[PDB]
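Note: ideal-geometry Cβ built from the backbone for every residue, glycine included; neighbour counts use all protein chains shown. Please treat every number below as a calculation from the coordinates, not as lab data.
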Amino acid sequence: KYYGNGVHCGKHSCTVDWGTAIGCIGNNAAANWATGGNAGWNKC
């Protein structure tokens with residue numbers, strides 16, 4: 001976006017080195033369990 005290898009921007013809108021990782025977790029967790037039965041979703 002304005003960067004992208006550890007965070008993408010800031011208070012602008014982007015930010016995130018973290019919200020992809022918690023997105024991977026939260027989705028695949030509640031699909032199986034609380035973390036995927038084994039965290040084998042890929043983990044992020």
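Read through the list (1) surrounded by 13 or more Cβ atoms within 10 Å (Cβ to Cβ); (2) assigned to a loop (DSSP other than H, G, I, E, B), then give the number of the only condition that residue 42 fails.
(1)
Can you work out which of the residues in region 9-27 that are part of a loop (DSSP other than H, G, I, E, B) and within 29 Å of residue 38 (Cβ to Cβ) is nearest to the chain's Cα centre (by Cα)?
Only one residue tops the list, namely 18.
Quick one: residue 20 ticks every box in (1) of a type outside the set (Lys, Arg); (2) surrounded by 12 or more Cβ atoms within 10 Å (Cβ to Cβ); (3) touching a residue at least 12 places away in the same chain (Cβ under 8 Å) bar one, so which box is it?
Looking at each condition in turn, residue 20 falls short on (2).
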